[PDB]
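K.L.:
Would you mind keeping the following structure in view while I ask a few things?
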Amino acid sequence: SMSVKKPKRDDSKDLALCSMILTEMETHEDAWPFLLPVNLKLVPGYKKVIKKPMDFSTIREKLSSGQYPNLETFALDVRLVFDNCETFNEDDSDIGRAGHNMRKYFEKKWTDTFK
């Protein structure tokens, strides 16, 4: 509260470490469904159904231009990618499996780096 603060958690490396994690996700073999924004002209249903599209290229641009205020808003957009994928894709499809795999991969790196 006013003039009463918990001790300062060191956040000075958060930008570098989120960038490293994102690099690891960009280079994973199962990242191909997620590298670029879904083409809303060419994929029926996507525009109407998926209210907040997100992809790794868009996260990388946001990260590079100071559009994440803190590491939690970064994790929210990464998870959005996988939540969108589960909304639109059957679990037993190549893309559906890719998204499960990537979410698992991310969540381990996230824990190992920050928790």
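A note on labels: chains of the structure tokens are A, B, ... as shown, every chain counts residues from 1, and ligands are counted from 1 in their shown order.
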With only C-alpha atoms as the counted atoms, please give the residues lying no more than 9 Å from range 27-31 of chain A, apart from itself and same-chain residues fewer than 6 positions off, as an MDAnalysis selection string.

P.N.:
chainID A and resid 56 95 97:99 101:102

K.L.:
Chain A: which residues are helix (DSSP H, G or I) by DSSP, as a count of residues only?

P.N.:
68

K.L.:
Tell me which protein, DNA and RNA residues are within 10 Å of residue 64 in chain A, counting only C-alpha atoms, leaving out same-chain ones fewer than 5 positions away, and put them as a list in words.

P.N.:
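Close residues of residue 64 in chain A: residues 15, 19, 58 and 59 of chain A.
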
K.L.:
Which residues are close to residue 72 in chain A, i.e. within 12 Å by only C-alpha atoms, leaving aside same-chain residues fewer than 4 positions away? Reply as a list in words.

P.N.:
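The residues satisfying every condition are residues 11, 14, 15, 18, 68, 76, 77, 78, 79, 110 and 114 of chain A.
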
K.L.:
As number ranges by chain, please: the residues near residue 51 in chain A (cut-off 9 Å, only C-alpha atoms, same-chain neighbours under 4 positions excluded).

P.N.:
A: 46-47, 84

K.L.:
May I have the residues from that selection written out with C-alpha atoms, as a CSV table (one decimal), in the first residue's frame?

P.N.:
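As a result, again_17.csv now contains:
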chain,number,residue,atom,x,y,z
A,46,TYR,CA,-11.0,-17.9,-38.7
A,47,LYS,CA,-11.9,-14.2,-38.7
A,84,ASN,CA,-6.6,-20.1,-30.4
